[PDB]
Every structure is written in C-alpha cells, then in structure tokens.
Amino acid sequence: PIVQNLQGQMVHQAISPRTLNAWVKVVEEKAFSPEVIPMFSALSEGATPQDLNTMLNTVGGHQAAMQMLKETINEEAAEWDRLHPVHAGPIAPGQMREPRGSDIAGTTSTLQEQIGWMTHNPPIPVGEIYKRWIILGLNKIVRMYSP
Amino acid sequence: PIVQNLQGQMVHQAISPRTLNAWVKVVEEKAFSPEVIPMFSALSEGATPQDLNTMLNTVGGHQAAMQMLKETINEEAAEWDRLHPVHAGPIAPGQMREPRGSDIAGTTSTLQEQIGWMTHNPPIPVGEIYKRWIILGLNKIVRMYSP
Amino acid sequence: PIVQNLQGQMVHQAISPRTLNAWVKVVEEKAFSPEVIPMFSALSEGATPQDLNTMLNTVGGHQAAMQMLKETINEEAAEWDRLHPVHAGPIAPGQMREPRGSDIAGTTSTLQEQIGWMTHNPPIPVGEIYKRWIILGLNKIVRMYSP
Amino acid sequence: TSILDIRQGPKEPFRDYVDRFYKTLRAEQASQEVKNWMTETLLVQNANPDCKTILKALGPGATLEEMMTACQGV
Amino acid sequence: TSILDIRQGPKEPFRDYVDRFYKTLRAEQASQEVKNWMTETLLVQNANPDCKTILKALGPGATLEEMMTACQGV
Amino acid sequence: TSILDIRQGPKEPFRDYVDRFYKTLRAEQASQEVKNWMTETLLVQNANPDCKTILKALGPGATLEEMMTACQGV
C-alpha cells in the first residue's frame with residue numbers, strides 16, 4: 001500500500017503477512033457472505049491495484065465466482081476505456097500519461113507508475129475506481145450466490 | 001481513528017486487523033451480554049463515525065437486533081435534527097458547516113469532514129453523540145434479549 | 001531484504017521469523033498448489049538471492065521437486081552465462097563487476113556485492129531474474145505434479 | 001434463496017424467522033421504500049396462523065420489540 | 001490430471017464441474033485465444049446429457065451467470 | 001428472564017443464587033435506591049426455607065460476606 005511516513009510524505013510499504021492471512025481466513029470462513037464487502041473495504045485501505053490483483057490471485061477455491069469477477073473487472077475496464085477516450089496529440093515531457101482500464105486493473109501499469117498517479121498533484125483515485133468494480137462484481141456474486 | 005502523532009498533532013490512522021477481529025470475536029462469544037458495552041467503549045476510543053459504521057456493518061448474524069439498532073440510530077439521528085435546527089442564513093467562507101443527524105451517523109459526511117469537526121477548535125464530539133445512541137440502543141437490545 | 005530506511009536510503013534488514021514460518025507453513029499446507037506462486041511473490045518482495053537460497057534451503061520434504069528446481073535454477077543460470085558473455089578487457093577501478101548466473105543464484109556473490117548491484121545507479125534486478133527462474137521452475141513443477 | 005421463499009414454520013419461533021428475514025433482506029439491494037413495503041407486508045403474510053392471529057391484534061403502527069414480545073409464547 | 005479428463009457426472013451439479021474446470025484451466029498455461037476456445041468448447045461437450053440439452057437451448061453468446069442459473073435444477 | 005423470576009432452588013446453594021441475582025440485577029437499569037430496595041427485599045424473599053430461616057437470624061444490617069458464610073452448610 002501507499003502510506004504516509006513520519007517525515008510527512010506518501011511512500012509505498014508492503015502489506016503485512018497476518019493482514020494477508022486475515023484476508024485468506026475471511027474468504028475461508030464467510031465465502032460469499034455480505035460481511036466480506038466492508039471487511040474487504042477496511043483491509044483495502046490505501047491499497048494499490050497491484051495489491052488488489054495479489055489479493056484476487058491468492059484466492060483458492062470458488063473458481064466459478066473468481067472467473068465471473070475477472071470477466072466483470074474486464075467489462076468495467078472496457079467501459080473505462082469507452083467512457084474516457086485517449087487524449088489529444090502526443091504525451092507532454094513535463095507530464096505523465098493518462099491511465100487506461102488495464103492501468104486501473106494494474107495490468108499495464110508498473111508500481112512506480114501507480115505511485116506517480118496517486119501521489120502526484122492532483123492525484124487520481126485508480127484504487128477507488130477498481131474498488132467500485134470489485135464491490136459491483138461482489139454484488140453480482142452475492143446476488144447469484146443467494147439460494 | 002484519530003490519534004495524536006509524535007509531532008503533537010491529531011492525525012487519522014487506520015484501525016488494526018487484530019482490533020477488528022477482537023471486535024468480531026466479542027460478538028461471536030458474548031452476543032447480547034452486558035460486557036459487550038464497556039468492551040465496545042474501550043475499542044471505540046478515538047473512533048470515527050465512519051469506523052463505527054464499519055464495526056456495525058461487519059456484523060454477521062443477529063439481524064433482528066441489527067435492524068432494531070439501525071432504526072434506533074435513525075430515531076436518535078431524527079431527534080438530533082429536531083432538537084438542533086439548521087442555523088441562520090448562508091454558511092460563512094471562513095467556517096465549516098454545522099453537522100446534521102446523518103453527518104453524526106457518518107452517512108452525509110466525508111472523513112476529512114469528520115476530522116475537520118473533531119480536530120478543529122472548539123472541537124465537536126460527534127463520536128460521543130453517536131456513542132450514546134449506540135449505548136442507548138444497546139440497552140434496548142439487552143433489555144429485550146433478557147429472557 | 002533491502003528496504004528503504006526512514007532517512008531515504010536503501011539499507012539491508014533481515015527477514016522476520018514469523019515471515020520465515022509463514023513461508024514454511026504455506027509449503028506445509030498447500031505443497032505444489034498454484035497459490036504458492038503469488039504467495040511466494042508477495043513474501044519475496046525486496047528479497048536478495050541470498051534470502052531466496054535461504055527460503056529454498058530451509059524446505060523439508062518434496063526432495064524430488066527440490067532437486068528438479070535446483071537443476072532448473074542451474075539451467076537458467078547456464079543460459080544467463082551463455083546469453084550474456086563476459087565483457088571486454090579488465091574490470092575498471094571506478095566500477096564494479098558484471099554478474100554471472102552464479103552471482104544471480106547468489107552463490108559467487110557476497111551480500112555487500114548483492115547490495116552494490118541493486119542500490120547502485122543504474123540498478124540491476126538480479127532478484128527479478130532469479131524470480132522468473134523460480135517462477136518458471138514453479139510452472140515445471142506445477143505441470144508435473146498435476147495428476 | 002429468494003425473499004418470497006422465507007416463511008415461518010408451524011413450530012418455529014417468530015424470533016428465529018425474523019432473524020432469517022432481515023438476513024435475506026440484508027441480501028436484497030432494492031430502494032428503501034420498497035424494502036419498507038416488504039417489511040410491513042411480507043413478514044406478516046408468511047408468519048404462521050397462530051402468530052399471524054396475534055399480529056393482526058397489534059394493529060398498524062407496531063414496532064419490532066412489541067411484535068417480538070407479542071409472539072413469544074406462540 | 002489432463003483438461004480433457006475433466007467431465008460432469010450423471011448426478012454432479014454443473015456448478016461443481018465448472019469449479020473443477022477453471023481450477024484445471026487455472027493449471028493450463030496456453031495462449032488466451034486457445035483458452036477461449038477451450039471455454040466455449042470443452043465445457044459444454046463434457047457436460048452431462050440433461051444439462052447439455054439445457055445449454056444447447058441457451059444458444060451462443062451466453063455468459064457464466066446465465067449458464068450457471070440455467071443448469072441449477074438439473 | 002425477569003428479576004422476579006430469579007429464585008433459589010430447594011437443593012441449590014445460596015451462593016449460586018446470589019451470582020444469578022447480581023447478574024440479572026446487572027441487566028436492570030433502575031435508580032440505585034430502587035436497586036437497594038431490590039437487594040434487601042427480593043434476595044431474601046426468594047431464598048429457600050432452610051436458608052431463609054438462617055437469614056432471618058442474621059437480623060438487619062447484615063453484609064454479603066456474612067450472608068454468604070451464613071448460608072454455607074445449607
């Protein structure tokens with residue numbers, strides 16, 4: 001995640017193993033139950049896309065759901081690209097590039113790039129955009145997996 | 001929560017997973033027992049409304065009680081709005097807006113707004129107002145759930 | 001691992017026992033399962049070759065696989081040496097030496113040497129080169145150990 | 001399971017049923033007004049005859065502690 | 001176990017089978033285009049006659065929530 | 001369970017009963033004066049005849065260690 005250091009700057013720090021394991025354990029115990037979404041939200045505080053793929057990729061089991069989510073993440077990403085067209089002409093030397101759906105999904109962007117966008121002024125909340133897609137896709141799952 | 005940093009200022013820091021899990025475990029083990037209220041009170045030290053909705057939303061089970069509480073929180077909030085009318089004329093540029101029942105419940109306010117009110121001079125104790133509503137609603141539950 | 005200190009420099013710090021034990025426990029529980037690879041990847045964040053041999057050498061059990069991996073690591077290392085020939089003439093006093101497959105495997109290099117290469121400007125990602133060999137060799141294992 | 005499929009047993013305490021209701025209601029995502037409509041309507045409708053009888057005597061305007069204490073002996 | 005050896009039982013819910021499929025698909029390392037080909041093809045082909053029948057009625061263009069809700073009673 | 005429903009068994013040690021009493025008293029929220037009234041009154045009243053007899057001999061002014069040691073053999 002990207003956290004604020006004592007000095008008063010935003011720097012990246014790694015997520016903790018008993019945080020990781022707590023994510024694992026939630027999924028083990030409460031599967032598709034709604035409490036998973038606030039839980040997720042708390043444990044995703046200050047998290048990167050990269051950390052969010054890590055959390056999704058580290059799941060075991062419920063592979064039908066994991067595939068449905070993936071496909072929702074790509075749909076929501078396809079929709080990001082649709083709604084926000086690429087911008088006019090070449091990229092400025094003085095500036096950094098606008099993200100695509102795949103940069104938001106973490107796929108085409110690097111960590112330093114993910115830190116550029118979030119730490120820069122104005123900052124862009126690429127975590128929160130992926131977060132809604134995850135929560136939206138979580139609703140899809142919850143609604144389906146209701147019996 | 002909003003905690004004091006080493007430098008001598010009040011800054012927000014996130015609540016810990018084994019704190020979260022300790023909240024979960026209390027509820028699992030002691031359900032509606034009275035010891036839940038001091039316990040709550042200790043674990044709610046320096047907590048935001050936002051953190052208090054997080055704690056309530058992360059409950060599983062006892063949904064009749066969770067609904068009774070919600071409805072108590074809204075009643076107590078409706079009562080906040082009744083007792084404290086909105087103030088005269090437009091909001092000053094030099095000042096920040098007075099809270100409503102829903103800002104106290106965390107619903108209409110943002111975190112930075114919740115930090116403005118609490119950290120500002122004079123500070124307003126929107127946590128402690130929600131806390132009484134929670135404790136009051138906890139009494140309602142305890143009294144009902146006595147057999 | 002090599003981590004960034006508060007002062008704003010990259011310094012080496014040792015890996016933690018409950019990190020070590022978490023590596024052990026993963027292997028105990030999920031053996032050759034695919035979730036082992038993202039898991040590995042997270043726990044190998046900022047890690048040295050030296051730390052990566054430590055992790056491989058501390059395995060117990062699955063010795064057929066451990067030997068297959070070793071032999072993959074040496075093949076991938078032999079391939080590093082093949083693809084990247086040694087450079088022209090004597091090593092400059094002002095400069096530090098280029099790595100071989102065995103320096104990447106950590107074998108012929110010392111820690112201070114591993115810190116020179118990574119911390120220096122440009123930096124060389126000898127962790128990430130070993131990491132691919134480990135992940136590649138992990139694919140070999142996973143594919144074989146599928147039943 | 002759908003919200004319409006939530007019903008009270010012939011020997012099941014109302015209480016255990018009301019818990020099931022706001023759990024399933026907890027997995028419904030509809031507007032609040034619709035969920036209010038579901039509350040006053042479906043809960044009583046799928047309640048058992050003995051308690052159903054009881055709840056009809058509370059009249060309208062009733063709140064959950066009073067419903068929950070009203071059908072306790074049933 | 002090979003991906004061709006993944007098949008649906010005569011009493012096995014499709015759901016439990018689809019889980020097995022994307023687990024084994026999870027251990028295949030092939031190009032995405034090939035894995036797309038495997039998805040539309042092999043899944044239905046090794047599905048049981050009763051659900052297979054059902055899936056033929058969904059036509060093409062179908063997505064996983066609709067397949068998964070389509071073969072639920074089977 | 002209501003505080004009036006708290007009573008001592010015919011074979012139940014007083015001690016186990018007094019624990020039950022201040023647990024239920026712990027779920028009563030009344031003014032302290034009322035809770036004092038409940039203490040001196042209801043505790044003895046729902047105490048069993050054998051201990052009840054014992055407690056009558058302690059007279060008034062008695063404190064909990066002396067009541068608790070007084071009904072120990074009963």
# chains A, B, ... in the order shown; residues from 1 in each chain; ligands from 1
>>> calpha_fit_and_write(fixed="chain F", moving="chain D", output="PDB file with C-alpha atoms, in the first residue's frame")
ATOM      1  CA  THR D   1     -35.898 -13.598  32.191  1.00  0.00           C
ATOM      2  CA  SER D   2     -37.347 -11.102  34.701  1.00  0.00           C
ATOM      3  CA  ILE D   3     -35.731 -10.326  38.178  1.00  0.00           C
ATOM      4  CA  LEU D   4     -38.940 -11.583  39.967  1.00  0.00           C
ATOM      5  CA  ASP D   5     -38.415 -14.929  38.249  1.00  0.00           C
ATOM      6  CA  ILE D   6     -34.989 -15.341  39.989  1.00  0.00           C
ATOM      7  CA  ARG D   7     -35.475 -17.816  42.919  1.00  0.00           C
ATOM      8  CA  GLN D   8     -33.347 -20.262  44.938  1.00  0.00           C
ATOM      9  CA  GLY D   9     -33.770 -23.985  44.420  1.00  0.00           C
ATOM     10  CA  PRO D  10     -34.564 -26.370  47.237  1.00  0.00           C
ATOM     11  CA  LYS D  11     -31.012 -28.002  46.855  1.00  0.00           C
ATOM     12  CA  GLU D  12     -29.267 -25.005  45.171  1.00  0.00           C
ATOM     13  CA  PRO D  13     -26.527 -23.289  47.146  1.00  0.00           C
ATOM     14  CA  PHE D  14     -27.319 -19.692  48.025  1.00  0.00           C
ATOM     15  CA  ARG D  15     -24.013 -18.728  46.587  1.00  0.00           C
ATOM     16  CA  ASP D  16     -25.052 -19.941  43.119  1.00  0.00           C
ATOM     17  CA  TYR D  17     -28.294 -17.984  43.531  1.00  0.00           C
ATOM     18  CA  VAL D  18     -26.622 -14.778  44.636  1.00  0.00           C
ATOM     19  CA  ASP D  19     -24.481 -14.919  41.498  1.00  0.00           C
ATOM     20  CA  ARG D  20     -27.645 -15.267  39.419  1.00  0.00           C
ATOM     21  CA  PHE D  21     -29.168 -12.321  41.269  1.00  0.00           C
ATOM     22  CA  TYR D  22     -26.413  -9.775  40.656  1.00  0.00           C
ATOM     23  CA  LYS D  23     -26.130 -10.968  37.007  1.00  0.00           C
ATOM     24  CA  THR D  24     -29.859 -10.216  36.438  1.00  0.00           C
ATOM     25  CA  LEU D  25     -29.534  -7.060  38.672  1.00  0.00           C
ATOM     26  CA  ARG D  26     -26.541  -6.289  36.327  1.00  0.00           C
ATOM     27  CA  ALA D  27     -29.261  -6.219  33.397  1.00  0.00           C
ATOM     28  CA  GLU D  28     -31.585  -3.990  35.348  1.00  0.00           C
ATOM     29  CA  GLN D  29     -31.033  -0.309  34.588  1.00  0.00           C
ATOM     30  CA  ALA D  30     -33.247   1.266  37.568  1.00  0.00           C
ATOM     31  CA  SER D  31     -32.217   4.058  40.023  1.00  0.00           C
ATOM     32  CA  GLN D  32     -29.703   2.934  42.720  1.00  0.00           C
ATOM     33  CA  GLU D  33     -32.267   3.470  45.567  1.00  0.00           C
ATOM     34  CA  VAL D  34     -34.647   1.064  43.801  1.00  0.00           C
ATOM     35  CA  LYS D  35     -31.886  -1.402  43.209  1.00  0.00           C
ATOM     36  CA  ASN D  36     -31.016  -1.111  47.027  1.00  0.00           C
ATOM     37  CA  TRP D  37     -34.676  -1.882  47.740  1.00  0.00           C
ATOM     38  CA  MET D  38     -34.430  -4.934  45.470  1.00  0.00           C
ATOM     39  CA  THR D  39     -31.295  -6.098  47.217  1.00  0.00           C
ATOM     40  CA  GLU D  40     -32.644  -6.096  50.743  1.00  0.00           C
ATOM     41  CA  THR D  41     -36.022  -7.370  49.714  1.00  0.00           C
ATOM     42  CA  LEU D  42     -36.195  -9.740  46.808  1.00  0.00           C
ATOM     43  CA  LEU D  43     -32.987 -11.706  47.516  1.00  0.00           C
ATOM     44  CA  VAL D  44     -34.225 -12.958  50.893  1.00  0.00           C
ATOM     45  CA  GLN D  45     -37.812 -13.424  49.816  1.00  0.00           C
ATOM     46  CA  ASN D  46     -36.906 -15.844  47.007  1.00  0.00           C
ATOM     47  CA  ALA D  47     -34.288 -17.572  49.085  1.00  0.00           C
ATOM     48  CA  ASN D  48     -35.173 -21.264  50.089  1.00  0.00           C
ATOM     49  CA  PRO D  49     -36.927 -22.005  53.534  1.00  0.00           C
ATOM     50  CA  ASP D  50     -33.766 -23.553  55.084  1.00  0.00           C
ATOM     51  CA  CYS D  51     -31.557 -20.540  54.296  1.00  0.00           C
ATOM     52  CA  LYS D  52     -34.387 -18.133  54.649  1.00  0.00           C
ATOM     53  CA  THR D  53     -34.686 -19.281  58.239  1.00  0.00           C
ATOM     54  CA  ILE D  54     -30.849 -18.699  58.630  1.00  0.00           C
ATOM     55  CA  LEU D  55     -31.022 -15.188  57.143  1.00  0.00           C
ATOM     56  CA  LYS D  56     -33.884 -14.178  59.360  1.00  0.00           C
ATOM     57  CA  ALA D  57     -31.441 -14.906  62.371  1.00  0.00           C
ATOM     58  CA  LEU D  58     -28.739 -12.574  60.949  1.00  0.00           C
ATOM     59  CA  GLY D  59     -31.166  -9.593  61.509  1.00  0.00           C
ATOM     60  CA  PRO D  60     -30.868  -6.359  59.523  1.00  0.00           C
ATOM     61  CA  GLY D  61     -27.617  -4.501  58.896  1.00  0.00           C
ATOM     62  CA  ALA D  62     -26.027  -7.688  57.512  1.00  0.00           C
ATOM     63  CA  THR D  63     -23.411  -7.649  54.660  1.00  0.00           C
ATOM     64  CA  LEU D  64     -22.761 -10.055  51.802  1.00  0.00           C
ATOM     65  CA  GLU D  65     -19.707 -11.958  53.188  1.00  0.00           C
ATOM     66  CA  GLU D  66     -21.671 -12.613  56.420  1.00  0.00           C
ATOM     67  CA  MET D  67     -24.787 -13.743  54.454  1.00  0.00           C
ATOM     68  CA  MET D  68     -22.666 -15.849  52.167  1.00  0.00           C
ATOM     69  CA  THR D  69     -20.780 -17.524  55.054  1.00  0.00           C
ATOM     70  CA  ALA D  70     -24.068 -17.765  56.988  1.00  0.00           C
ATOM     71  CA  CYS D  71     -25.883 -19.993  54.471  1.00  0.00           C
ATOM     72  CA  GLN D  72     -22.874 -22.199  53.509  1.00  0.00           C
ATOM     73  CA  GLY D  73     -23.913 -25.521  55.092  1.00  0.00           C
ATOM     74  CA  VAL D  74     -27.448 -25.321  53.772  1.00  0.00           C
TER      75      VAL D  74
END
>>> select_by_dssp(residues="chain F", states="alpha helix (DSSP H)", output="ChimeraX atom specification")
/F:14-26,32-45,49-58,64-70
>>> write_last_selection(atoms="N, CA and C atoms", output="CSV table (one decimal), in the first residue's frame")
chain,number,residue,atom,x,y,z
F,14,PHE,N,-27.1,-21.1,48.0
F,14,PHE,CA,-27.3,-19.7,48.0
F,14,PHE,C,-26.4,-18.9,47.2
F,15,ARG,N,-25.1,-19.3,47.4
F,15,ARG,CA,-24.0,-18.7,46.6
F,15,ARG,C,-24.3,-18.7,45.1
F,16,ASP,N,-24.9,-19.8,44.5
F,16,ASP,CA,-25.1,-19.9,43.1
F,16,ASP,C,-26.3,-19.0,42.6
F,17,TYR,N,-27.2,-18.9,43.5
F,17,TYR,CA,-28.3,-18.0,43.5
F,17,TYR,C,-28.0,-16.5,43.7
F,18,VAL,N,-27.1,-16.1,44.5
F,18,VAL,CA,-26.6,-14.8,44.6
F,18,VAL,C,-25.9,-14.2,43.4
F,19,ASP,N,-25.1,-15.1,42.8
F,19,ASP,CA,-24.5,-14.9,41.5
F,19,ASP,C,-25.4,-14.7,40.4
F,20,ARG,N,-26.5,-15.5,40.4
F,20,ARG,CA,-27.6,-15.3,39.4
F,20,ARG,C,-28.4,-14.0,39.6
F,21,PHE,N,-28.5,-13.6,40.9
F,21,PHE,CA,-29.2,-12.3,41.3
F,21,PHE,C,-28.4,-11.1,40.8
F,22,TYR,N,-27.1,-11.0,41.1
F,22,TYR,CA,-26.4,-9.8,40.7
F,22,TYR,C,-26.0,-9.8,39.2
F,23,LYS,N,-26.1,-10.9,38.5
F,23,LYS,CA,-26.1,-11.0,37.0
F,23,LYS,C,-27.4,-10.4,36.4
F,24,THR,N,-28.6,-10.8,36.9
F,24,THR,CA,-29.9,-10.2,36.4
F,24,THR,C,-30.1,-8.8,36.8
F,25,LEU,N,-29.6,-8.4,38.1
F,25,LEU,CA,-29.5,-7.1,38.7
F,25,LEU,C,-28.6,-6.2,37.8
F,26,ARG,N,-27.5,-6.9,37.3
F,26,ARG,CA,-26.5,-6.3,36.3
F,26,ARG,C,-27.3,-5.9,35.0
F,32,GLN,N,-30.6,3.7,41.8
F,32,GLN,CA,-29.7,2.9,42.7
F,32,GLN,C,-30.5,2.5,44.0
F,33,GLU,N,-31.4,3.4,44.4
F,33,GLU,CA,-32.3,3.5,45.6
F,33,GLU,C,-33.3,2.3,45.4
F,34,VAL,N,-33.8,2.2,44.1
F,34,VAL,CA,-34.6,1.1,43.8
F,34,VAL,C,-34.0,-0.3,43.8
F,35,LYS,N,-32.7,-0.3,43.2
F,35,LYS,CA,-31.9,-1.4,43.2
F,35,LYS,C,-31.4,-1.8,44.6
F,36,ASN,N,-31.2,-0.9,45.6
F,36,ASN,CA,-31.0,-1.1,47.0
F,36,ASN,C,-32.2,-1.8,47.7
F,37,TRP,N,-33.4,-1.3,47.3
F,37,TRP,CA,-34.7,-1.9,47.7
F,37,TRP,C,-34.8,-3.3,47.3
F,38,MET,N,-34.5,-3.6,46.0
F,38,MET,CA,-34.4,-4.9,45.5
F,38,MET,C,-33.5,-5.9,46.1
F,39,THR,N,-32.3,-5.4,46.4
F,39,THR,CA,-31.3,-6.1,47.2
F,39,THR,C,-31.8,-6.6,48.5
F,40,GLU,N,-32.2,-5.7,49.4
F,40,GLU,CA,-32.6,-6.1,50.7
F,40,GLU,C,-33.9,-6.9,50.8
F,41,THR,N,-34.7,-6.8,49.7
F,41,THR,CA,-36.0,-7.4,49.7
F,41,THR,C,-36.1,-8.6,49.0
F,42,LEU,N,-35.8,-8.6,47.7
F,42,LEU,CA,-36.2,-9.7,46.8
F,42,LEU,C,-35.3,-10.9,47.0
F,43,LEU,N,-34.0,-10.7,47.2
F,43,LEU,CA,-33.0,-11.7,47.5
F,43,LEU,C,-33.4,-12.7,48.7
F,44,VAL,N,-33.8,-12.1,49.9
F,44,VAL,CA,-34.2,-13.0,50.9
F,44,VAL,C,-35.5,-13.7,50.7
F,45,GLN,N,-36.5,-13.0,50.2
F,45,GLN,CA,-37.8,-13.4,49.8
F,45,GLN,C,-37.7,-14.6,48.9
F,49,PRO,N,-36.5,-22.0,52.1
F,49,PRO,CA,-36.9,-22.0,53.5
F,49,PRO,C,-35.7,-22.3,54.4
F,50,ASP,N,-34.8,-23.2,54.1
F,50,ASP,CA,-33.8,-23.6,55.1
F,50,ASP,C,-32.8,-22.4,55.3
F,51,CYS,N,-32.3,-21.8,54.2
F,51,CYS,CA,-31.6,-20.5,54.3
F,51,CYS,C,-32.2,-19.3,54.7
F,52,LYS,N,-33.5,-19.2,54.3
F,52,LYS,CA,-34.4,-18.1,54.6
F,52,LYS,C,-34.5,-18.0,56.1
F,53,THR,N,-34.7,-19.1,56.8
F,53,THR,CA,-34.7,-19.3,58.2
F,53,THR,C,-33.4,-18.7,58.8
F,54,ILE,N,-32.2,-19.1,58.3
F,54,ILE,CA,-30.8,-18.7,58.6
F,54,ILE,C,-30.7,-17.1,58.6
F,55,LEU,N,-31.1,-16.6,57.5
F,55,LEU,CA,-31.0,-15.2,57.1
F,55,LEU,C,-31.9,-14.4,58.0
F,56,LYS,N,-33.1,-14.9,58.4
F,56,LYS,CA,-33.9,-14.2,59.4
F,56,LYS,C,-33.1,-14.0,60.7
F,57,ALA,N,-32.2,-15.0,61.1
F,57,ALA,CA,-31.4,-14.9,62.4
F,57,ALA,C,-30.3,-13.9,62.2
F,58,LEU,N,-29.8,-13.6,61.0
F,58,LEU,CA,-28.7,-12.6,60.9
F,58,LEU,C,-29.2,-11.2,61.4
F,64,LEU,N,-22.8,-8.8,52.7
F,64,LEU,CA,-22.8,-10.1,51.8
F,64,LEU,C,-21.8,-11.2,52.2
F,65,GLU,N,-20.6,-10.9,52.6
F,65,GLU,CA,-19.7,-12.0,53.2
F,65,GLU,C,-20.3,-12.7,54.4
F,66,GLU,N,-21.0,-12.0,55.3
F,66,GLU,CA,-21.7,-12.6,56.4
F,66,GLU,C,-22.9,-13.4,55.9
F,67,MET,N,-23.7,-12.9,54.9
F,67,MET,CA,-24.8,-13.7,54.5
F,67,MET,C,-24.2,-15.0,53.8
F,68,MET,N,-23.2,-14.8,53.0
F,68,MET,CA,-22.7,-15.9,52.2
F,68,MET,C,-22.0,-16.9,53.0
F,69,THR,N,-21.2,-16.5,54.0
F,69,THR,CA,-20.8,-17.5,55.1
F,69,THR,C,-21.9,-18.0,56.0
F,70,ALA,N,-23.0,-17.3,56.2
F,70,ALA,CA,-24.1,-17.8,57.0
F,70,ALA,C,-24.8,-18.9,56.3
>>> interface_residues(of="chain A", to="chain B", cutoff="12 Å", atoms="only C-alpha atoms", output="ChimeraX atom specification")
/A:3-8,16-23,25-26,29-30,33-46
>>> atom_distance(atom1="CA of residue 90 in chain C", atom2="CA of residue 127 in chain C")
26.1 Å
>>> residues_around(residues="residue 112 in chain C", least_positions_apart="6", cutoff="12 Å", atoms="only C-alpha atoms", output="list in words")
residues 1, 2, 11, 12, 48, 49, 50, 96, 103, 106, 118, 119 and 120 of chain C
>>> interface_residues(of="chain A", to="chain E", cutoff="7 Å", atoms="only C-alpha atoms", output="list in words")
residues 62, 63, 64 and 68 of chain A
>>> residues_around(residues="residue 77 in chain B", least_positions_apart="3", cutoff="8 Å", atoms="only C-alpha atoms", output="compact mmCIF listing (two decimals) with C-alpha atoms, in the first residue's frame")
# COMPACT_ATOMS: atom_id res chain seq x y z
CA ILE B 73 -29.72 5.09 15.25
CA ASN B 74 -32.11 6.83 12.70
CA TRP B 80 -30.76 15.31 16.60
CA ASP B 81 -32.17 17.20 13.68
CA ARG B 100 -26.84 17.03 11.00
CA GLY B 101 -28.04 13.56 12.41
CA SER B 102 -26.81 11.90 9.21
CA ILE B 104 -23.18 12.14 13.04
CA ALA B 105 -24.21 8.81 11.68
>>> atom_distance(atom1="CA of residue 69 in chain C", atom2="CA of residue 138 in chain C")
7.6 Å
>>> atom_distance(atom1="CA of residue 78 in chain C", atom2="CA of residue 137 in chain C")
14.3 Å
>>> select_by_dssp(residues="chain A", states="strand (DSSP E or B)", output="list in words")
residues 2, 3, 4, 10, 11 and 12 of chain A
>>> decode(residues="range 118-139 of chain B", atoms="C-alpha atoms", output="mmCIF file, in the first residue's frame")
data_model
loop_
_atom_site.group_PDB
_atom_site.id
_atom_site.type_symbol
_atom_site.label_atom_id
_atom_site.label_comp_id
_atom_site.auth_asym_id
_atom_site.auth_seq_id
_atom_site.Cartn_x
_atom_site.Cartn_y
_atom_site.Cartn_z
ATOM 1 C CA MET B 118 -13.144 16.814 15.821
ATOM 2 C CA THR B 119 -9.658 18.440 15.234
ATOM 3 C CA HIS B 120 -10.857 21.974 14.831
ATOM 4 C CA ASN B 121 -11.016 24.489 17.774
ATOM 5 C CA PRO B 122 -13.644 24.209 19.512
ATOM 6 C CA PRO B 123 -13.980 20.565 18.634
ATOM 7 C CA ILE B 124 -17.391 18.882 18.414
ATOM 8 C CA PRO B 125 -17.787 15.286 19.785
ATOM 9 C CA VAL B 126 -19.827 13.627 17.086
ATOM 10 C CA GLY B 127 -18.274 10.200 18.160
ATOM 11 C CA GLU B 128 -19.598 10.671 21.661
ATOM 12 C CA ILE B 129 -23.098 11.602 20.364
ATOM 13 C CA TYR B 130 -23.219 8.502 18.157
ATOM 14 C CA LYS B 131 -21.699 6.507 21.083
ATOM 15 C CA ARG B 132 -24.633 7.389 23.390
ATOM 16 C CA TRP B 133 -27.105 6.343 20.606
ATOM 17 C CA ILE B 134 -25.215 3.047 20.312
ATOM 18 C CA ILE B 135 -25.142 2.572 24.064
ATOM 19 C CA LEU B 136 -28.869 3.571 24.337
ATOM 20 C CA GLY B 137 -29.745 1.185 21.538
ATOM 21 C CA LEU B 138 -27.544 -1.411 23.293
ATOM 22 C CA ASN B 139 -29.709 -1.012 26.438
#
